[PDB]
Amino acid sequence: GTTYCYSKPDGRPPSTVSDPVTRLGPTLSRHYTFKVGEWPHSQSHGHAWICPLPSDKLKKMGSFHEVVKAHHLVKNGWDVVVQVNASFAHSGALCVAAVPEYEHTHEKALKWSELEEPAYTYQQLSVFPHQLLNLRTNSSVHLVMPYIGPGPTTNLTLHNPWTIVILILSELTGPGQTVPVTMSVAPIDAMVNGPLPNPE
Amino acid sequence: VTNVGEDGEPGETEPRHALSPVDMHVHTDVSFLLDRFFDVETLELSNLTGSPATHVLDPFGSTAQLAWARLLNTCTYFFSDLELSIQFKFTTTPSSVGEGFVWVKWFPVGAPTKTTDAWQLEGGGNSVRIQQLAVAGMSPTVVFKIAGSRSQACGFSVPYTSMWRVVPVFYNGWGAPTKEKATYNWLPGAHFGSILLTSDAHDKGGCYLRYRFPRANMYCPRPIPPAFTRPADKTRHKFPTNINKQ
Amino acid sequence: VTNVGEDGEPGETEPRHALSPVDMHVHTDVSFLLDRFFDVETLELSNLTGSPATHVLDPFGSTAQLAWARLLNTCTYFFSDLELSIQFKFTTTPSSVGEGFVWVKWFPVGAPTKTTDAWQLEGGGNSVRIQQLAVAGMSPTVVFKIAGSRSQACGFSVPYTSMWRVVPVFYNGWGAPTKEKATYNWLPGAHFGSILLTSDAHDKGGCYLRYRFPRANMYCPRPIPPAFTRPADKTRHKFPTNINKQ
Amino acid sequence: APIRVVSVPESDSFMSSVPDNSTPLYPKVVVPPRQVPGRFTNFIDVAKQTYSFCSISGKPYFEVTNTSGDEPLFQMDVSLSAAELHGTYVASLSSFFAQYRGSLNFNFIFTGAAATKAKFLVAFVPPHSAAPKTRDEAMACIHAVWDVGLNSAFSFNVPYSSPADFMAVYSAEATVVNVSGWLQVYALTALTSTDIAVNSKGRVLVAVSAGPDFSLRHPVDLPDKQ
Amino acid sequence: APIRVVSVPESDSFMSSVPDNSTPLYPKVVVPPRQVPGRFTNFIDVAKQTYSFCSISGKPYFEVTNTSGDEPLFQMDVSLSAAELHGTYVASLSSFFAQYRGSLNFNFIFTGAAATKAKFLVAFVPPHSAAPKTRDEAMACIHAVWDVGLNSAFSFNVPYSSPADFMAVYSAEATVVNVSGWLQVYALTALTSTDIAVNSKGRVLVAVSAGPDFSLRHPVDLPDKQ
């Protein structure tokens with residue numbers, strides 16, 4: 009099922025740039041596939057894989073990466089599908105949310121990492137656009153998020169509006185092996201501004 | 278499954294008749310809750326002389342065990358206007374002050390801030406000097422006397438002056454190209470401006486700053502932190518109250 | 278040549294999409310900017326007795342490092358009305374004054390000015406004398422007491438009284454037939470009139486004159502002088518501000 | 022011409038929440054258009070359209086094992102001051118107000134493996150001498166039978182039953198407007214599994230939402246922490 | 022009959038910019054008709070309809086000589102606090118305000134003799150690690166080729182590119198709303214002349230105007246000189 013975070017994406021150009029805006033078509037900002045990590049039996053509720061978008065993986069976003077890299081500002085949404093590979097004998101559940109302006113990260117800024125959420129946060133993470141990933145019912149979460157930020161566009165080098173939080177609510181039990189967490193990310197309605205110099 | 282009541286079948290639930298309205302959810306309205314004076318901050322007056330620093334009006338990242346602190350932390354982006362009430366409470370003998378004018382200057386988001394005493398008033402030998410930026414001019418200067426004052430205060434409304442269309446209460450990124458631990462959840466200008474309280478009192482007392490946020494708009498709800506500790510399993514917290522068994 | 282974008286041909290420039298309005302240029306409006314109180318001048322009170330001189334209200338040729346000073350020097354001819362705020366700030370012990378009446382007299386452009394104490398008030402032996410031109414009459418006299426006063430001030434509006442249809446802020450010629458270095462950028466009556474502050478306080482304190490210029494009209498723009506020094510080549514001036522990296 | 026006016030005794034006082042504004046000193050500022058998604062205007066809406074997880078012994082769930090029966094697996098007294106409602110959005114939002122009205126919606130999500138099954142009996146017990154200790158006792162009350170393996174999730178509404186139109190947010194020693202009873206969950210059957218060595222227990226997550234008739238009134242200031 | 026009135030606490034205070042007038046004491050003065058040409062009502066109009074010359078090393082122009090190439094002839098960071106914008110009308114008008122929005126229009130006027138010719142490449146470089154040092158580097162950016170001898174004057178618009186709706190007039194250590202990048206001018210070719218002994222160098226005057234979308238808000242008081 010598709011969950012729209014706050015609203016559907018738009019292709020409107022930034023109100024605050026009087027310079028040419030380049031609309032990256034789908035064949036240019038393609039789609040990228042990552043393995044987020046492995047969910048083990050030892051990890052406990054509250055543990056979360058924090059995936060700011062993108063910033064530590066921008067370098068692995070091929071085409072999109074090349075274009076973004078050469079320009080100063082970017083406005084764009086994302087289409088993400090988080091999956092899990094578990095058997096029908098595995099028990100457990102995650103909550104995967106899309107958080108605007110997520111922060112905690114002890115300035116390991118814009119790096120995909122793992123942390124232990126503080127209770128009132130894991131209890132209430134459902135207050136943000138999300139989907140539960142119960143191991144007895146489903147294996148995927150699909151979230152589509154619009155561009156969001158204090159201004160009409162940003163510099164992805166200094167700001168990551170959206171960050172995906174995959175959080176353990178019910179620990180993994182059942183067969184001894186781990187459950188790999190997987191994620192596909194596709195930039196959506198990307199618009200780019202002001203070309204930067206040649207890299208000499 | 279089966280849905281409604283009294284057969285006790287698996288998945289079946291009994292009938293519930295929802296209650297009628299009464300209060301109309303008026304009190305849980307965002308802008309209603311914020312349009313009132315809150316005692317946020319308390320601050321010291323600067324002497325008329327010297328090179329004072331301005332105090333930035335930023336009630337956003339608070340930890341204060343007060344209702345405005347958590348409430349302002351319930352959303353990701355915020356927009357509202359502002360009203361202030363500045364009061365002045367003696368911390369010494371009220372008879373120390375025979376006149377006690379207090380100059381208040383408010384500065385919009387982005388205003389230049391270096392001041393040094395520069396405006397001289399002259400009278401019968403002795404003279405008085407006030408700051409370059411305390412003088413009445415382009416931005417609002419308010420002058421109130423504390424001495425016989427029936428309320429030793431002042432108050433006025435000011436608008437949202439930031440350059441951002443919305444103030445980020447939380448920001449996953451840096452407000453400056455140099456990524457210093459400092460500029461982290463930052464973004465310049467995510468506030469209401471700054472004030473400068475200046476007076477021959479300065480010692481003798483302090484202020485009391487209250488903010489009122491008319492026209493508040495909140496965006497993207499966030500988790501609300503607890504306020505009290507967790508009671509024991511299967512119990513209830515028990516607080517002193519108006520009601521309580523005598 | 279070629280005009281708009283991306284072929285890189287000689288004379289060709291790339292596309293620019295102009296920004297939408299937002300603020301509507303309201304703040305750069307001449308009369309809006311001038312209709313506010315400005316702390317221009319500070320002045321001494323004259324004793325009730327003697328032959329005092331009147332102070333002319335002429336904020337035009339200023340050098341003051343203040344926003345009204347440069348701004349008034351941005352045009353060649355000016356017209357506006359006037360509002361005043363006169364305050365009084367002690368420079369001694371506030372308990373020196375037990376009554377402290379202050380007589381203010383405003384004079385239209387062209388008014389005669391010689392005064393000497395001439396109006397006697399009598400009471401129980403002792404008597405009090407006030408100036409010939411401080412008495413209430415043809416032109417406005419304002420009387421305020423400084424003692425218990427919650428604001429030790431007064432204020433009122435007055436119109437443009439000059440005989441010139443417009444005040445020349447700059448004048449390439451002489452205001453008198455005798456061409457004395459004195460009457461050079463001159464022209465008589467290029468001002469708002471004059472005031473006379475008179476009081477038994479006089480020592481004990483001074484005033485604070487603020488001008489407000491409602492209905493301002495400016496003619497023929499002129500160059501605007503810098504305000505700050507020139508930074509080094511290819512650099513930027515860096516000023517303390519609200520924003521600034523913490 | 023001067024208007025005869027009489028100064029009220031409460032004259033120069035402060036009064037923090039006056040229904041009126043102060044005088045403006047910095048006019049004519051047109052603010053930039055704030056597009057931005059997700060604006061909310063009333064906290065009750067986000068409380069109703071959103072769920073939080075309870076705090077059962079510090080975890081967001083209770084467990085069923087292959088050894089269970091009788092005793093209650095989950096028990097919480099119906100009061101916003103209850104412990105298991107601790108980290109929730111609804112409980113936390115409530116501390117800003119003095120009184121509440123309406124129902125709470127609880128939904129249990131069984132996260133035990135697909136090879137696992139169990140049945141629960143969830144009961145709403147009204148105020149009474151002392152809370153039932155076994156399910157045969159509670160089953161006389163309003164209850165529902167949840168057979169997992171029919172639906173993996175189950176919603177139960179704790180009703181509002183009281184002679185008062187609103188009850189207290191801040192509870193204390195039991196009063197007639199303090200507590201509304203108890204919510205309990207029992208195991209109708211213990212957890213069964215395809216292999217007890219692989220799956221011996223299953224966890225039921227419990228989440229709360231404000232009911233459709235839920236409301237909060239009387240904003241209050243925060244008291245000393247406790 | 023006397024009206025019940027309550028005195029607000031901010032009662033006898035001053036507040037300099039109140040949106041209201043004082044009481045008039047010298048009524049009925051009819052003012053003479055003021056014909057006089059050139060009245061202006063908004064400073065932004067004179068800023069847009071007028072140009073000033075920049076201050077490049079204290080002169081209103083940069084030079085090209087018969088020996089030039091690579092290096093930038095003119096470089097200024099896009100901020101109203103920039104040095105080369107120093108003596109200008111737009112920069113000076115700006116000090117009265119806290120924030121600005123919009124573009125700046127620069128026009129270069131080649132004043133080298135008619136027997137002289139050269140070509141320039143003018144680029145707008147967005148915020149970056151460090152500013153290009155040669156033209157082959159900058160030419161990747163927004164740029165225009167100005168061949169003198171086609172038009173002796175050339176207008177270039179420095180755009181507004183920022184996530185914020187307004188930027189700061191008063192700059193400081195680089196922030197996200199302080200600086201918008203750099204404006205550079207390079208010599209695509211060195212000055213050629215009919216006789217290098219007679220004309221060895223030519224000067225390009227550089228003037229600035231407020232762009233069509235330029236605006237200024239928030240009047241501010243002057244701080245200590247620096």
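If you're matching them up, the sequences are chains A, B, C, D and E in order.
So in our numbering, the last spot in the first sequence is 208, and the numbers never skip.
So in our numbering, the last spot in the second sequence is 523, and the numbers never skip.
So in our numbering, the last spot in the third sequence is 523, and the numbers never skip.
So in our numbering, the last spot in the fourth sequence is 247, and the numbers never skip.
So in our numbering, the last spot in the fifth sequence is 247, and the numbers never skip.
A virtual CB, placed ideally from N, CA and C, is assigned to each residue, including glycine.
Residue i CB to nearest chain A CB: under 8 Å?
i: E:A185; result: yes
i: B:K511; result: no
i: residue 8 of chain E; result: Absent from the model: residue 8 of chain E. The displayed extent of chain E is 22 to 247, so no value can be given.
i: D:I130; result: yes
i: E:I163; result: yes
i: C:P292; result: yes
i: C:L296; result: yes
Would you say residue i faces chain C, with C-beta separation under 8 Å as the test?
i: A:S52; result: no
i: D:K49; result: yes
i: A:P28; result: yes
i: B:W441; result: no
i: A:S23; result: yes
i: E:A103; result: yes
Distance cutoff 8 Å, beta carbons only. Does residue i sit that close to anything in chain D?
i: C:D312; result: no
i: A:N142; result: yes
Taking buried to mean at least 16 other C-beta atoms within 10 Å of its own C-beta, is residue i buried or exposed?
i: D:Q205; result: buried
i: B:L325; result: buried
i: B:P445; result: buried
i: E:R25; result: exposed
i: C:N403; result: exposed
i: C:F355; result: buried
i: E:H164; result: buried
i: residue 221 of chain C; result: No answer is possible for residue 221 of chain C: the residues shown for chain C start at 278 and end at 523.
i: C:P454; result: exposed
i: C:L473; result: buried
i: C:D510; result: exposed
Against chain B, with Cβ distances strictly below 8 Å, would residue i count as a contact?
i: D:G223; result: no
i: E:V198; result: yes
i: D:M97; result: yes
i: C:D316; result: yes
Provide the residue(s) that pair with residue i in DSSP beta bridges, ordered along the chain.
i: D:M97; result: D:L204
i: D:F175; result: D:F129
i: A:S178; result: A:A101
i: C:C352; result: C:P498
i: C:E360; result: C:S434 and C:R489
i: C:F315; result: C:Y488
i: B:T475; result: B:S323 and B:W380
Would residue i count as contacting chain E if we go by Cβ distances under 8 Å?
i: C:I472; result: no
i: B:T438; result: yes
Would the C-beta of residue i count as close to the ligand NAP, meaning under 7 Å from any of its heavy atoms?
i: C:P385; result: This structure does not include the ligand NAP; it has no bound ligands of any sort.
To be precise: take each residue of the segment 409-432 of chain B, compare its Cβ to all Cβ atoms of chain D, and keep it if any distance is under 8 Å. Which residues remain? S416, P417, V419, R427, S428, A430 and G432
Of the residues that make up the segment 28-40 of chain D, which ones have a beta carbon closer than 9 Å to any beta carbon in chain C? Within the segment 28-40 of chain D, no residue qualifies.
Chain C contacts from the segment 133-158 of chain D (Cβ-Cβ distance under 7 Å): none
Counting only runs of 4+ residues fully inside the segment 17-102 of chain A, write out the alpha helix (DSSP H) ranges in chain order. 70-77
Which runs of the beta strand (DSSP E), 3 residues or longer, sit entirely within the segment 25-87 of chain D? 26-28 and 82-86
What ranges does the beta strand (DSSP E) occupy inside the segment 371-420 of chain C, keeping only unbroken runs of at least 3 residues that lie completely in it? Correct list: 378-384, 394-399 and 404-408.
Contact list for the segment 446-478 of chain B against chain C, Cβ threshold 9 Å: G452, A453, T455, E457, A459, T460, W463, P465, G466, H468, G470 and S471
Proximal residues, the segment 388-401 of chain B versus chain E, C-beta separation under 9 Å: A388, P389, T390, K391, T392, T393 and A395
So if I threshold CB-CB distances at 7 Å, which residues from the segment 64-87 of chain E count as touching chain C? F64, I65, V67, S76 and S78
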